[PDB]
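Scroll down for the structure; my scribbles are underneath it.
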Amino acid sequence: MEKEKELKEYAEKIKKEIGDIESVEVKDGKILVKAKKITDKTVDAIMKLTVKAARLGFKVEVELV
Amino acid sequence: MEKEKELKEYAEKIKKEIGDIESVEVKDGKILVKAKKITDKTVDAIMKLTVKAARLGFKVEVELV
Amino acid sequence: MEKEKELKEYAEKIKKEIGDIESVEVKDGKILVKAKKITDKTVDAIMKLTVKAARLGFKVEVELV
Amino acid sequence: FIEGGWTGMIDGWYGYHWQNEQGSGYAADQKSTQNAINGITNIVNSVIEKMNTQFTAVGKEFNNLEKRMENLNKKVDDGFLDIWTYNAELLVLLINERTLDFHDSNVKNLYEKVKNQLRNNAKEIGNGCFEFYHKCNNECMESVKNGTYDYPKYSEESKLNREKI
Amino acid sequence: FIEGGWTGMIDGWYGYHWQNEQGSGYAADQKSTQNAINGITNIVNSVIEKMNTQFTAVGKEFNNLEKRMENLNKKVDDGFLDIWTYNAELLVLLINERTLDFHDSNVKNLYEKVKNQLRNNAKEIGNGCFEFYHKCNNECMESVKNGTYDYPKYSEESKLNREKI
Amino acid sequence: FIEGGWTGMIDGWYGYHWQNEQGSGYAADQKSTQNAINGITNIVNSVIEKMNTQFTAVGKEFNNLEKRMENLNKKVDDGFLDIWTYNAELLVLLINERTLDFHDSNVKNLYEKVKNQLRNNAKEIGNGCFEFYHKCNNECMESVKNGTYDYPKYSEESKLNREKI
Amino acid sequence: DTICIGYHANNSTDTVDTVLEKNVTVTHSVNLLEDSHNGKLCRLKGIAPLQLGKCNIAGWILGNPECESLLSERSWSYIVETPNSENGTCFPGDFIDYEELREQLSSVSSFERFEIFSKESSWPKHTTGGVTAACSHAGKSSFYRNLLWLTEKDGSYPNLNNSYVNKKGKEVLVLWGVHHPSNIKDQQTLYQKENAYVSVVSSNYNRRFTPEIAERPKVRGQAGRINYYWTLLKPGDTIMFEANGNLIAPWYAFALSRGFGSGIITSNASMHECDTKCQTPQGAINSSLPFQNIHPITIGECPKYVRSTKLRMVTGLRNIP
Amino acid sequence: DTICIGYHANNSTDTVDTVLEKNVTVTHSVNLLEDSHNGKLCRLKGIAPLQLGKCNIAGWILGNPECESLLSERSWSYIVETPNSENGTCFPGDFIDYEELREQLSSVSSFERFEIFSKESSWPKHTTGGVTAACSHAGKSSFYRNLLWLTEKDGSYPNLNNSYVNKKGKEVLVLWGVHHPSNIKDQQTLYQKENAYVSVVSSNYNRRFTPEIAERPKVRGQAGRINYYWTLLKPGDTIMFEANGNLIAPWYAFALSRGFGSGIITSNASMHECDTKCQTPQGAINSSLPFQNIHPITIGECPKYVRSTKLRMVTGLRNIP
Amino acid sequence: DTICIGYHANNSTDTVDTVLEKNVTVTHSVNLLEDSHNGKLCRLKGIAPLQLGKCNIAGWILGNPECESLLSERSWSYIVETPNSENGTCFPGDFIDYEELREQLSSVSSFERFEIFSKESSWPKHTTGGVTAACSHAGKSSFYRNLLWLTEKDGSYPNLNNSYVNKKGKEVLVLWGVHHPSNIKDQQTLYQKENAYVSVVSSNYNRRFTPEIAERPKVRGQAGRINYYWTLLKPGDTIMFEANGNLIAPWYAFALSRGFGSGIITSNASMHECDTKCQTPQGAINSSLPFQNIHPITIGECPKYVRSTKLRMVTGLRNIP
Ligand SMILES: *[C@@H]1O[C@H](CO)[C@@H](O[C@@H]2O[C@H](CO)[C@@H](O[C@@H]3O[C@H](CO)[C@@H](O)[C@H](O)[C@@H]3O)[C@H](O)[C@H]2NC(C)=O)[C@H](O)[C@H]1NC(C)=O
Ligand SMILES: *[C@@H]1O[C@H](CO)[C@@H](O[C@@H]2O[C@H](CO)[C@@H](O[C@@H]3O[C@H](CO)[C@@H](O)[C@H](O)[C@@H]3O)[C@H](O)[C@H]2NC(C)=O)[C@H](O)[C@H]1NC(C)=O
Ligand SMILES: *[C@@H]1O[C@H](CO)[C@@H](O[C@@H]2O[C@H](CO)[C@@H](O[C@@H]3O[C@H](CO)[C@@H](O)[C@H](O)[C@@H]3O)[C@H](O)[C@H]2NC(C)=O)[C@H](O)[C@H]1NC(C)=O
Ligand SMILES: *[C@@H]1O[C@H](CO)[C@@H](O[C@@H]2O[C@H](CO)[C@@H](O)[C@H](O)[C@H]2NC(C)=O)[C@H](O)[C@H]1NC(C)=O
Ligand SMILES: *[C@@H]1O[C@H](CO)[C@@H](O[C@@H]2O[C@H](CO)[C@@H](O)[C@H](O)[C@H]2NC(C)=O)[C@H](O)[C@H]1NC(C)=O
Ligand SMILES: *[C@@H]1O[C@H](CO)[C@@H](O[C@@H]2O[C@H](CO)[C@@H](O)[C@H](O)[C@H]2NC(C)=O)[C@H](O)[C@H]1NC(C)=O
Ligand SMILES: *[C@@H]1O[C@H](CO)[C@@H](O)[C@H](O)[C@H]1NC(C)=O
Ligand SMILES: *[C@@H]1O[C@H](CO)[C@@H](O)[C@H](O)[C@H]1NC(C)=O
Ligand SMILES: *[C@@H]1O[C@H](CO)[C@@H](O)[C@H](O)[C@H]1NC(C)=O
Ligand SMILES: *[C@@H]1O[C@H](CO)[C@@H](O)[C@H](O)[C@H]1NC(C)=O
Ligand SMILES: *[C@@H]1O[C@H](CO)[C@@H](O)[C@H](O)[C@H]1NC(C)=O
Ligand SMILES: *[C@@H]1O[C@H](CO)[C@@H](O)[C@H](O)[C@H]1NC(C)=O
Ligand SMILES: *[C@@H]1O[C@H](CO)[C@@H](O)[C@H](O)[C@H]1NC(C)=O
Ligand SMILES: *[C@@H]1O[C@H](CO)[C@@H](O)[C@H](O)[C@H]1NC(C)=O
Ligand SMILES: *[C@@H]1O[C@H](CO)[C@@H](O)[C@H](O)[C@H]1NC(C)=O
Ligand SMILES: *[C@@H]1O[C@H](CO)[C@@H](O)[C@H](O)[C@H]1NC(C)=O
Ligand SMILES: *[C@@H]1O[C@H](CO)[C@@H](O)[C@H](O)[C@H]1NC(C)=O
Ligand SMILES: *[C@@H]1O[C@H](CO)[C@@H](O)[C@H](O)[C@H]1NC(C)=O
């Protein structure tokens, strides 16, 4: 509950800040990241998101648009 | 002594139950399995035998006839 | 201080005893071994030197002359 | 190059599928299957032997003025439990990676075995199959499967058909 | 065969560099990059999930006649600290080796993908590059990058130029 | 493809055996042997450095009314001993697998080095040997061993003899 | 004509995990984690446990009336308490070093319960009895079976003076108590003197006890207390009891054998005729797997306990039809 | 026309280690070791800690004058002592089972400080006071706030006799002390009798104390000693105090709540308005990394502490321009 | 003309193990497990150990006659007891907190044995002696060297009253005992009063002892007991002794230095002139390997102890001629 809400807020922040990411869908124990490009900025953001999801019980799967 | 006798009884049971195994020779710290085929049934039996031998001090070697 | 001096003495002993080694330079946290050949004797000496350097804080790098 | 296993090969782990004018079917590669089984059993024995039998581990009682000792005992128990859960799960992951790499390497080695046997007498298809330029009867298939393929025996016909193609 | 990465390929981890009469540049191999990212994230989640949260671990006080208990408590603390430092550093080394082997294997698999697509229509250079015998326009490059290279379409021209060379 | 080592190559870990009209013998590949030795020493330093020195660990005495504390102390000792024996043996197994794979990879890389140097000027034998189509004198052997083989220099003779064969 | 190289596949749905990959489907796998059990208490290597059905270690060793049936037991493989083991010390008091006694008893594996001091002849000048409401049994006041409460006889409590020489080849567990009345009138009524002492000594034991008389909150209806003490006699030692009063003398003592693998567990399960080599409070384990997630506390040769929910190792190929 | 296969490279200088290789340069890496902190004390999950600015656990719980401001605190997330927490027991003596009291208090998370025995009405036949130079405050002799020193009134010290019935739903922590004068003249002056006793009992507590009069080395100018004792009342229990003298009676007691995650830490840092989910003596931690090398002792949900100085895992390729 | 690629081989028979493979033959290997030792006791970093040849810690610190030669020792690197260290407390009794004293002494590394109370002048009104059959030496009754047994002089035992001010820069270990006769006649004969007390106090120590007279089983021919006590004086503290009787006064005390790496080991081995950086009860270790399987208990900088019998890591190729 609280973990999912915090991850949703963080995902909204990331989607706003990182223009190379299309969307970040937190749902049902996994975060689905739909990236448009894989650059240094995007990889750093995705690894930060993965570290954030861990210990919150969420796996991260990345799709390249 | 007791471990080897128990393994001998188990090996006799296996050789009777599994028709794809030719023989099971428990001797001198190792169980020599002479299999005729490697099917799902035989692999399951051999892995059960390997788990049984472990902690009884016996290694398992498999020969394909 | 003391570790480096002990390693220097050991390196001098090795350089005297092992004719297949050109020199052994202990300096600044690493021992630089300049071997002329890699034989069983030289490999044994170099591995003994590596084990000796460890826990004395020195890495060993080998150059083949 | 090999995409997916065979549901029809009911015998053996790795093997061959073949077809010619005389017949078709599956057959296990006995040597590689035997080595794979022995390796898997070695992995299992390493996993189980290296774990010692857990003997009687009943808990202790502490009175109301031994809270520090009770907490130290619980700390020891929890620390050992954490360490051993970590060890068990990490060991499982490591041995699973090792085993899957082992199976993939075995399949690759079998493929290379066949390729070395056949040299240029067969067209290599990038899906795990070899097409013989010469006609390969049951004796030829058995020779290839057993690693005793007589390359020069078929060299003339294979070269003739390869040039024709 | 590939010596060093490209500083110009700002997008993707592994990809292609190409040049023809129409243009040149870099492009990422989306499928392999996606799989690599998913694998790396799996490694990160395995590393972090398998570590439990450390909860309150304040120390204990002992009086002048409880030196044995104090030393036992310190022994437990130091033993757990040693074990966990060892576990952390060994885990880092193991996962680093696994990850670097994973990246090398991905690059090798991409190279083999291109080679299987091109067969003998291109000269294989032992530096990670393929030289087409036939002229390869932008459509051909896109087909090769996407794994849909039409081999028979260029077979005649490639054979003609290869024989000429 | 390489079945068994050489008992005659008294110098170096990996190397070459060669024979021509001028002579024959063994020679070590200095670069690969040096890299292998450095890797092995890195493994040894990782194994030994990551283990801390064991300092004074004398046991404790307990009276007849401290049986719980004595059993807790023995429990801590036995748990740490089990964990460290497991760690030592598992580490040995892991590093042995890593080292043997490392040596096999080094031999394979050396073989690929020679193959890339020789291209199609030599017949590749599936036992770890290359047969030159052109005559290869001592200078040619030294060039091949040092990775400076002049491929175009022998292309005409190699092609002539390969076509003749 | 063609020959292909491939590998086995089947209708298995076993799944395993790696560092790179998760939910990998494999043809065959071995589950290294044991999660099933008989759900019963079993004879550990052929010997039944000691079932303290209604009472805990204190009540059994002191022998309160509510588990008198345990006095016929002589040997066991492990000791079983139940979550509702309420009948401990029927008379309120502090069982001194009780946890240490539990630790000692966890390794006994056998005892002989013998009358250390004869009730009829050991105390000819004192009143042998001690029925108290706190230990009421079957509607009547009663008292522990292994302890004897000595009180004044014919208007006096002469100096108590007795000793026992250990003629067993085994350690003898001696238990006694010291009575702490609520008020001075109880002291005078029972022992006829306000200031009495209890002294117990052996080769490696030396204690003196003094009653402490004070009004207390009632526990089980008693404003007094009995502190319970114990000691082990080495096979050749002698134990000497002296008391001016307030002694609740030892009546039965346990000649203790020692063994390996015994322990004490709190269990809700029922006893059954099955045998086992491993036992847990929830039930017996009957597998040779290396790990289990059933219960932290085990007796016998058992798998290592882990928090994991699944430990499957690959013993087959990737299953990819 | 040509197509090449390659991989990414950049201007990164991150370096990682393997078993075979060291100082490997990689395009990107994740540092699994947390080594930065706020350098402040923070509100753990929104609740401020208990800051014992000048006094330690003993001084706070006994309530010596030099940290009187702590008597207004009721709840906290953790307890903070400072390296200069000198003001403990202002009057010298042995705080019995003090470390056990620290262990108990580490998990309280809240208390109600209530007057267990009214000063005016609970001791009508005794002198209520106890100002001593050892606990001097603001230039005047004083005494603990949570303890009441009873002495003779009008030339006598009648038998003290008082009790408290726990009507809270919570455990009540009761603290008292026994005075051990330096010489018999102090005993006669304060309590009017040479041989006095203190007796404290409850359902699960039974102690008797006797003063021990002897010349001692002076500590804080006092040749006497006050031994400090404590006990917890179960939610429904009663505690009874009897004393012929030498009692330093309980005045305030703590009805203790219980919680999870609380602890005691010695810290030099300053308090601030920031929030945190993890706290260390050096400062708060604000990251989700698995490991940290900041401090062994942590409160809250914190990373595992290791001695490592860098734990970087590869999340990229080898960087080889 | 041909060129082949291959690898080294030799006549080695070293064998190693992997997860997949066992008994793999390799050209060269490093044994990470140390299993050889000098089989002697050695000077740890140049300083010889303290060899308690015939007596244990108790006998040495109390200084019983049978290891009087140890009274000339001043410094050591570690303490060695032998499996036959029988001569402890020559007079039977309970050495209180003896294990804690062993723990304290394990870290001393040096002491000065000085006469804390002069025998001739400190007790002018008491009889200085104490020869007892239990501590018989060389055919004559004797007594500890570090303790002084005070008894009545000229028909009385006046109030004992003495103190020592610690003028060392080091902690002073003070040991004393309290005599518990077997019967009242011994009490009257030695101390001339039935009810005597012993009182020992310091800034952080406060105990009172009372003799307990009772018939006991004979140990070493004695029906009495001497309980042995000890305490450490902080560098600036004072210790005061008062006794009405039953005191076995301190005679010599140890000004203790403190160090690192010291410990106590039970060893059967012989002392020799060799030096070492690691010591085990079986013998000294002289290698830099990471692991050893010689003995769990080690002193100095030693390898980690494991149960393994062989730990060989590959440093070469597969040996396949
Ligand atoms: C053996 O254990 C049983 C179960 O614990 C004891 O029976 C229980 O005894 C308590 C205390 O006497 C009873 O509680 C009391 O009930 C009365 C009313 O009857 C009430 O006035 C008191 O305030 C208190 O609540 C409890 O009801 C009773 N339970 C049962 C099922 O009988 C028994 O006394 C123990 N006997 C021995 C010899 O150890
Ligand atoms: C609260 O804690 C403070 C700090 O520990 C106490 O003040 C300190 O008290 C000691 C002992 O009285 C002082 O040391 C003494 O100083 C006198 C000279 O004034 C000297 O003759 C003695 O030998 C001893 O050295 C110390 O100076 C003093 N420090 C300060 C900064 O005041 C205070 O007494 C404690 N009060 C309570 C109620 O706990
Ligand atoms: C120092 O230690 C030695 C060895 O432990 C002591 O000598 C031993 O003393 C015991 C007890 O006195 C002797 O056992 C007794 O022997 C007599 C017959 O002589 C027997 O009647 C008793 O029942 C008991 O068995 C033992 O024989 C004796 N051993 C030797 C080799 O002398 C010695 O008394 C100790 N001295 C001091 C000052 O600590
Ligand atoms: C993949 O693995 C995950 C985790 O091991 C499995 O997670 C379960 O997924 C189902 C379906 O969404 C849920 O109902 C369960 O609650 C999940 N369990 C847990 C523990 O999270 C998932 O089932 C696996 N998928 C496959 C196809 O094997
Ligand atoms: C290679 O790794 C070593 C050890 O991790 C690094 O060691 C440092 O080297 C510099 C330069 O000699 C010294 O000033 C430091 O004191 C060394 N640190 C330690 C902890 O020993 C070294 O810097 C690394 N080199 C590169 C190029 O990354
Ligand atoms: C293979 O490894 C096993 C186990 O490490 C070795 O076992 C020994 O085998 C011999 C011959 O049968 C026995 O005499 C020993 O008692 C066995 N030892 C143990 C500990 O079981 C075996 O020697 C090894 N074989 C080779 C060729 O190295
Ligand atoms: C799997 O296939 C075998 C062989 O046809 C069959 O006997 C078995 O019932 C099948 N199992 C499942 C679960 O479909
Ligand atoms: C009473 O004590 C005397 C010694 O004082 C002893 O001889 C006697 O045996 C004791 N009485 C009993 C019944 O043990
Ligand atoms: C204990 O057993 C009883 C009887 O079967 C049952 O009602 C109860 O739920 C059990 N409790 C537990 C915790 O197993
Ligand atoms: C273990 O379970 C199997 C299968 O139910 C059974 O045949 C065997 O007798 C059991 N062993 C014991 C010791 O109960
Ligand atoms: C690395 O390159 C990027 C892109 O040109 C640049 O923005 C950044 O400042 C560079 N960083 C360093 C440390 O040179
Ligand atoms: C004094 O003790 C009596 C019982 O002896 C009790 O009734 C009374 O309440 C006590 N006095 C006080 C003030 O508690
Ligand atoms: C503690 O804080 C004070 C004040 O900032 C500072 O002077 C002192 O150095 C600090 N000490 C430590 C150990 O942090
Ligand atoms: C953690 O640090 C970041 C960056 O400074 C900040 O934005 C965030 O608010 C911090 N979180 C907390 C709980 O202080
Ligand atoms: C191995 O070979 C070397 C070189 O010939 C020889 O010196 C040595 O004695 C041999 N060792 C054994 C054990 O045969
Ligand atoms: C005896 O005690 C007095 C104080 O009561 C003290 O002054 C005197 O020094 C003591 N005697 C000795 C010998 O210490
Ligand atoms: C101890 O040393 C003695 C003398 O060398 C010897 O007889 C005895 O067997 C040794 N015992 C042990 C356990 O080493
Ligand atoms: C260790 O052993 C070697 C070989 O016997 C010897 O030369 C060396 O002096 C020994 N070292 C010590 C400290 O005894």
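Chains as they are written, first to last, in the entry's author numbering: chain Z, 1 to 65; chain Y, 1 to 65; chain X, 1 to 65; chain H, 9 to 173; chain I, 9 to 173; chain G, 9 to 173; chain B, 11 to 331; chain C, 11 to 331; chain A, 11 to 331.
Positions of the beta carbon are idealized from the N, C-alpha and C atoms, including for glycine.
About 7 Å separates the CB atoms of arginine 328/B and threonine 35/B; that is less than 8 Å, so the two are in contact. With its beta carbon less than 8 Å from one in chain I, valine 29/C belongs to the interface. A Cβ-Cβ distance of about 6 Å is found for the pair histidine 25/I and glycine 16/C, placing them in contact under the 8 Å criterion.
Shown in chain order are the members of the segment 50-71 of chain I whose Cβ falls below 9 Å from a Cβ of chain H: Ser54, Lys58, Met59, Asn60, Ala65, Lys68, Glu69, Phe70.
Taking C-beta atoms under 8 Å as the contact rule, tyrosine 207/B and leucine 72/B fail to qualify, at a distance of about 23 Å. Under the three-pair Cβ rule at 8 Å, the segment 208-218 of chain B does not count as touching the segment 138-156 of chain B. In the three-state DSSP reduction, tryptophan 261/A falls in the coil class, being neither helix nor strand. Not flagged as an interface residue toward chain Z: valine 141/C, since no C-beta distance is shorter than 8 Å.
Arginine 230/A has its CB nearer than 7 Å to a heavy atom of ligand 3. Within the DSSP bridge table, the entry for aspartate 285/B names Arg53/B as partners. Below the 9 Å Cβ cutoff, chain G contributes no neighbours of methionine 1/X, its closest Cβ being approximately 18 Å away. Taking the Cβ atoms as the reference, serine 166/B lies roughly 12 Å from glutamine 198/B, outside the contact range of under 8 Å.
Beyond the five residues adjoining it in sequence on each side, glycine 310/A comes within less than 8 Å, by CB distance, of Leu54, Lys55, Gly271, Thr286, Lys287, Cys288, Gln289 in the same chain, given in chain order.
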